[PDB]
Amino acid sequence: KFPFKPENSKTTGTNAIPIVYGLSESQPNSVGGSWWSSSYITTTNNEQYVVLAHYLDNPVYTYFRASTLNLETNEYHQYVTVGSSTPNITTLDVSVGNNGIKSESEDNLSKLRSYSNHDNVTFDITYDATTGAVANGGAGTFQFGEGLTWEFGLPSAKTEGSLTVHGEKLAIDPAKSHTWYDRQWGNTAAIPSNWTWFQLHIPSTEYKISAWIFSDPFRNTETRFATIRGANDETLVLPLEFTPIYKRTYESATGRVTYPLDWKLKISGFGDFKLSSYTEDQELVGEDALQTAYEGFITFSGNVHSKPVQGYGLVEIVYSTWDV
């Protein structure tokens, strides 16, 4: 079994690093953008799952998408459901139909909820941001496409609730579960053509890694870097070398792209990692490029400062257009 477990720390730690926003104020619908969660779950009957929930606001449409992965059997279910608009309100409550992400707390941190009521993808997961934030870029912002993005991750939030599998409602064990909640919003429609994002956990340590790889055709540079949150709020912003490996592949159901299923990362001054997708099919299938993503549970080995490590996490592979 994977050693899923929550942290029990303060969300912004010492507040000694002057990040460029307040977390709570960044959560409401009015801020726009993307709300995302990946829950690493052990149930009370000792089954393990990875559950994804994601709402995106976009000028053309909205969508909610979600998936479940059974870590014992590789059974995987996903859907994408398209909406038209996001209510412009001062609280967090985003949905398409009876599926969405909402805050159940005045601070938008102590209780958040990802829920889905779709055939073969039904769950109701709450989480509490008892976990030190990953402030991407060091202070929470970095260049993303033609302009800026703002992004923070809450890596190991205490998680409760249920997921329903084959008619059986299973209860989440909060001692052996955690949720990475990722909040991201931007100021430009011209986002990168495509990217890979890694979310990494190293259970022997407090390291939480949020790594981005994509091309910047506006500056004509390559973006390839990790933000690593360590202990005591310490944050590393490090270049990396990215190698996608196509010995194993998954062809998209859209017919438009072939995903690699293994990777190498060399994070400058920190370590190197060999990462592998847990199972082939982990694709959220949309009607266009932006609605589609490879969102896959991964495991990895490697070293950190020349000491061997292993861990798990998630890889996201997104094309905002198939004409890159």
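Just count from 1 along the sequence shown to find any residue number.
Of the two segments, 85 to 93 and 241 to 249, the one listed with the higher mean B-factor is 241 to 249 (C-alpha atoms only). The stretch with the higher mean CA B factor, choosing between 188 to 196 and 141 to 149, is 188 to 196. Out of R113, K158, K169, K208, it is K169 whose C-alpha atom has the highest B-factor in the PDB entry. When the Cα B-factors of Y63, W36, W263, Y40 are read from the PDB record, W263 comes out highest. Split the chain's modelled residues into thirds by C-alpha temperature factor. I317 is in the middle one. Sorting the modelled residues of the chain by their CA temperature factor places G271 in the highest third. When the CA B factors of the chain's modelled residues are split into thirds, the value for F218 lands in the highest one. For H178, the recorded CA temperature factor ranks within the lowest third of the chain's modelled residues.
Among the modelled residues of its chain, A293 has a C-alpha B-factor that falls in the middle third, as given in the PDB entry.
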